[PDB]
């Protein structure tokens, strides 16, 4: 079924993603029609909370960024505590443990399905060009598989 096929692909993407970046967490964050995200798959290193199966409503995507991410926007943040974020934003990440993050889009049938997100949990991390390119290509490849499989 479509549901069973998707999950296996999500698991591949998060496993490969964390291997490529050797970071603390990679997730697939999938949007519903409210642009509320669910963590549908996760690969996480020892000692960190499991973000799997969390529903996280963050209005900034629908209110500002969905079309930009469809067009290939990313977020690369070396230190989330120096990114001028509000407490609301910091509060949603604190249960997970995020000190640096890399967010790339998953676009299927010209719509923003979700985001493929990498975390470093306890130290800043400048994401390098080759890492961003690798991770962006992973998410784009996985998205295109999903787009073509059914």
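Positions refer to the first chain, counted from 1.
Relative to its counterpart among 96-104 and 120-128, 120-128 has the higher mean temperature factor, C-alpha atoms as listed in the PDB entry. Comparing 80-88 with 64-72, the stretch with the higher mean C-alpha B-factor in the PDB entry is 80-88. Within the group 42, 32, 58, 109, the record's highest C-alpha temperature factor is found at 109.
In this PDB entry, residue 7 carries a Cα temperature factor that places it within the middle third of its chain's modelled residues.
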